[PDB]
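Structure first, commentary second.
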Amino acid sequence: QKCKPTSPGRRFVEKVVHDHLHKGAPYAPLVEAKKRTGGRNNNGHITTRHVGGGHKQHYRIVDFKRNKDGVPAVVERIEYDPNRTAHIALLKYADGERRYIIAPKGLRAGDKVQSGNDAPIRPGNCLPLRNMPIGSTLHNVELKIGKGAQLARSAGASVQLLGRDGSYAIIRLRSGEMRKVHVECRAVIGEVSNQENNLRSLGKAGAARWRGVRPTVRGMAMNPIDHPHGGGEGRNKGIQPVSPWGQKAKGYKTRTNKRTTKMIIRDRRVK
RNA sequence: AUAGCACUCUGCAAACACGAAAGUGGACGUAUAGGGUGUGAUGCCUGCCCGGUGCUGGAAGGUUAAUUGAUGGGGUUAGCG
């Protein structure tokens, strides 16, 4: 959707339109308060730069574990969620309990979902990787038994199931990494909704300020006391790029963990 | 500074940051996400060079630390003179 250039700040605005989303208030029992941080920790110092401001938001309690095995549920509606890029679906169980889940692509009001070993192979059903059919597209992949989904949760995300060896399943992630998972962990059929999410163009600086991003100052624009890039008469770089704390920014690898290196077989390539 | 563009790092107990540690932010987020760097709507575009410094990947050839202690040479005295 294009906006007409009636003002200079509207010339380059792109929006994604979805007419099936619910327009009313969210489901009250599943909503709680959430505060802004400003990127400051309990010492009160800034630990993440460029964070502050933005619109007030409530947190929606999303069920990532899907431990209500055996009971079918029906989708009531699809909702916008300010905490994430994907849409959410309100579920209605056969015994009156209501929960939120991440909405798979194509799920509409009136569809049926469930979880467990005996669930059918339909988008939105939650089954163990040992029971998943080989070659399927999955999302919401769990890493620790019972902890819940952690991988491939954003809009348009999906992973590919490739094979099953020993007690481990082989998956390919959307970053290009190829990895092992325990076969007992769960996953969900399908790929995540709102796949047009990356087509939007903000159009102006205020749009970023609404989402809570403060401006970025280049290190080249500072003094020597503030940044290794600071200083000089006129414009000049004269240095191999580094972070404000001296760490190289172009190609230098930073992974350190040695505990989980066995679970990665084929790295995405240029890690 | 900016919307837009590009490179690069990060598979989640994430990279990164604060702190002596416990711990906290990143985020009650999960590669369409998060950090760093440069450029700066849009239109047409963005040539040659990897010798130097850096980064990434190999090699098991040469050099090299703590550790180990084979050999060789001294000091001393039983005794022989």
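If you're wondering about the labels, chains in the structure tokens are A, B, ... by order shown, residues count from 1 in each chain, ligands from 1 in order shown.
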Contacts from chain A to chain B, 8 Å maximum, only C-alpha atoms (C1' of nucleotides): show me the residue list as a VMD selection string. chain A and resid 39 to 43 45 to 48 84 150 to 157 174 to 175 177 195 to 198 202 to 205 215 to 217 240 to 243 249 to 255 271
Do you know which residues are at most 12 Å from residue 129 in chain A counting only C-alpha atoms (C1' of nucleotides), after dropping those on the same chain fewer than 6 positions away, and could you put them as a ChimeraX atom specification? /A:116-117,135-143,145,160-165,167-171,180-189
Print the selection's residues with N, CA, C and O atoms to a file, as a compact mmCIF listing (two decimals), in the first residue's frame.
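Done, and the output landed in again01.txt:
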```txt
# COMPACT_ATOMS: atom_id res chain seq x y z
N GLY A 116 0.32 -33.25 21.10
CA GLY A 116 0.56 -34.59 21.59
C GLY A 116 1.13 -35.49 20.51
O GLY A 116 1.46 -35.06 19.40
N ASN A 117 1.25 -36.77 20.86
CA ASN A 117 1.81 -37.74 19.92
C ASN A 117 0.80 -38.12 18.84
O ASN A 117 1.18 -38.37 17.69
N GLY A 135 11.16 -34.14 6.25
CA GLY A 135 11.03 -33.22 5.15
C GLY A 135 10.06 -32.08 5.38
O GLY A 135 9.82 -31.30 4.46
N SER A 136 9.50 -31.96 6.58
CA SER A 136 8.47 -30.97 6.82
C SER A 136 9.07 -29.61 7.17
O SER A 136 10.23 -29.48 7.57
N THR A 137 8.24 -28.58 7.00
CA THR A 137 8.54 -27.22 7.41
C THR A 137 7.94 -27.00 8.79
O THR A 137 6.74 -27.21 8.99
N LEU A 138 8.76 -26.57 9.74
CA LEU A 138 8.36 -26.47 11.13
C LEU A 138 8.67 -25.07 11.66
O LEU A 138 9.39 -24.30 11.04
N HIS A 139 8.10 -24.76 12.82
CA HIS A 139 8.40 -23.53 13.52
C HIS A 139 8.16 -23.76 15.01
O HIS A 139 7.55 -24.75 15.41
N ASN A 140 8.68 -22.84 15.82
CA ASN A 140 8.57 -22.92 17.28
C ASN A 140 9.27 -24.17 17.81
O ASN A 140 8.68 -25.00 18.51
N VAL A 141 10.55 -24.30 17.48
CA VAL A 141 11.33 -25.49 17.82
C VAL A 141 11.84 -25.37 19.25
O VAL A 141 12.46 -24.37 19.62
N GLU A 142 11.57 -26.39 20.06
CA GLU A 142 12.00 -26.43 21.44
C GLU A 142 13.39 -27.06 21.55
O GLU A 142 13.72 -28.00 20.82
N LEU A 143 14.21 -26.53 22.46
CA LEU A 143 15.57 -27.01 22.64
C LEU A 143 15.77 -27.85 23.90
O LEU A 143 16.61 -28.75 23.89
N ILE A 145 13.77 -30.20 26.91
CA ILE A 145 12.51 -30.91 27.10
C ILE A 145 11.67 -30.21 28.16
O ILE A 145 12.06 -30.13 29.33
N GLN A 160 13.67 -26.46 8.40
CA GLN A 160 13.47 -27.65 7.57
C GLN A 160 13.92 -28.88 8.34
O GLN A 160 15.04 -28.91 8.86
N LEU A 161 13.06 -29.89 8.42
CA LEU A 161 13.45 -31.16 9.04
C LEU A 161 14.08 -32.04 7.97
O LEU A 161 13.51 -32.24 6.90
N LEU A 162 15.27 -32.57 8.25
CA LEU A 162 16.04 -33.25 7.22
C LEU A 162 16.17 -34.75 7.47
O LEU A 162 16.02 -35.54 6.53
N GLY A 163 16.45 -35.16 8.70
CA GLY A 163 16.66 -36.57 8.97
C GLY A 163 16.69 -36.84 10.45
O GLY A 163 16.74 -35.93 11.28
N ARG A 164 16.67 -38.13 10.78
CA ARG A 164 16.65 -38.60 12.15
C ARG A 164 17.70 -39.69 12.32
O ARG A 164 17.60 -40.75 11.69
N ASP A 165 18.69 -39.44 13.17
CA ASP A 165 19.77 -40.39 13.43
C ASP A 165 19.97 -40.54 14.93
O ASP A 165 20.06 -39.55 15.65
N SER A 167 19.33 -40.66 18.60
CA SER A 167 18.34 -39.93 19.38
C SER A 167 18.22 -38.48 18.94
O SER A 167 17.63 -37.67 19.66
N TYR A 168 18.77 -38.13 17.79
CA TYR A 168 18.86 -36.75 17.35
C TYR A 168 18.23 -36.58 15.97
O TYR A 168 18.38 -37.43 15.09
N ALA A 169 17.51 -35.48 15.81
CA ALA A 169 16.97 -35.05 14.54
C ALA A 169 17.85 -33.95 13.96
O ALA A 169 18.49 -33.18 14.69
N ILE A 170 17.86 -33.88 12.63
CA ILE A 170 18.67 -32.92 11.89
C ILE A 170 17.76 -31.84 11.35
O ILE A 170 16.74 -32.13 10.71
N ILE A 171 18.09 -30.58 11.61
CA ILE A 171 17.29 -29.47 11.13
C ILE A 171 18.18 -28.42 10.48
O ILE A 171 19.35 -28.25 10.86
N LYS A 180 21.68 -30.26 15.29
CA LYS A 180 21.01 -31.40 15.90
C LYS A 180 20.08 -30.96 17.02
O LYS A 180 20.34 -29.99 17.73
N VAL A 181 18.99 -31.70 17.18
CA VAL A 181 18.05 -31.50 18.28
C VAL A 181 17.71 -32.87 18.86
O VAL A 181 17.68 -33.86 18.13
N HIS A 182 17.47 -32.93 20.16
CA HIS A 182 16.98 -34.17 20.76
C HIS A 182 15.61 -34.51 20.18
O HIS A 182 14.80 -33.62 19.92
N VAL A 183 15.35 -35.81 19.96
CA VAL A 183 14.11 -36.19 19.30
C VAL A 183 12.89 -36.01 20.20
O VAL A 183 11.76 -36.04 19.71
N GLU A 184 13.10 -35.82 21.50
CA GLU A 184 11.95 -35.68 22.40
C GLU A 184 11.36 -34.28 22.36
O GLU A 184 10.21 -34.09 22.75
N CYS A 185 12.13 -33.29 21.90
CA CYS A 185 11.64 -31.92 21.87
C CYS A 185 10.54 -31.76 20.83
O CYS A 185 10.46 -32.51 19.85
N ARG A 186 9.69 -30.76 21.04
CA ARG A 186 8.52 -30.55 20.21
C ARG A 186 8.75 -29.46 19.17
O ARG A 186 9.69 -28.67 19.26
N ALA A 187 7.87 -29.43 18.18
CA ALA A 187 7.83 -28.39 17.16
C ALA A 187 6.41 -28.28 16.63
O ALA A 187 5.55 -29.10 16.97
N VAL A 188 6.16 -27.27 15.81
CA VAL A 188 4.82 -26.98 15.32
C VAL A 188 4.83 -27.01 13.79
O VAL A 188 5.80 -26.58 13.16
N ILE A 189 3.75 -27.52 13.21
CA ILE A 189 3.64 -27.63 11.76
C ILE A 189 3.37 -26.26 11.15
O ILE A 189 2.55 -25.48 11.67
```
Sel. of strand (DSSP E or B) residues, range 43-223 of chain A, as a PyMOL selection string: chain A and resi 46+51+59-60+62+73-79+88-93+98-102+104+112-113+115+126-128+137-139+141-142+149-151+159-165+168-172+178-182+186-189+192+201+213
Between CA of residue 206 in chain A and CA of residue 229 in chain A, what is the distance in Å, rounded to a tenth?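 So the answer is 28.3 Å.
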Between A:225, A:2, A:149, A:115, which one has atoms that come closest to residue 14 in chain A, using only C-alpha atoms?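 Using only C-alpha atoms, the shortest distance to residue 14 in chain A belongs to A:2.
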Residues within 8 Å of residue 211 in chain A, please, as a compact mmCIF listing (two decimals) with N, CA and C atoms, in the first residue's frame. Count only C-alpha atoms (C1' of nucleotides); anything in the same chain fewer than 5 positions from it doesn't count.
```txt
# COMPACT_ATOMS: atom_id res chain seq x y z
N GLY A 53 11.89 5.78 25.06
CA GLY A 53 10.66 6.31 24.53
C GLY A 53 9.75 5.23 23.99
N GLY A 54 8.86 5.63 23.08
CA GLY A 54 7.95 4.71 22.44
C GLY A 54 6.57 4.69 23.08
N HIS A 55 5.68 3.93 22.45
CA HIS A 55 4.31 3.83 22.91
C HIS A 55 4.20 2.87 24.09
```
If you run DSSP on this backbone, which residues of range 63-203 of chain A come out as helix (DSSP H, G or I), and could you give them as a PyMOL selection string? chain A and resi 195-199
Suppose you want the space between CA of residue 228 in chain A and CA of residue 214 in chain A; what is it in Å?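 Straight-line distance from CA of residue 228 in chain A to CA of residue 214 in chain A works out to 21.8 Å.
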What is the CA of residue 268 in chain A-CA of residue 172 in chain A distance in Å, reported with one decimal? 9.5 Å
Excluding residue 100 in chain A and any residue of its chain fewer than 3 positions from it, enumerate the residues within 7 Å of it, using only C-alpha atoms (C1' of nucleotides), and give them as a list in words. residues 61, 62, 63, 88, 89, 90 and 91 of chain A
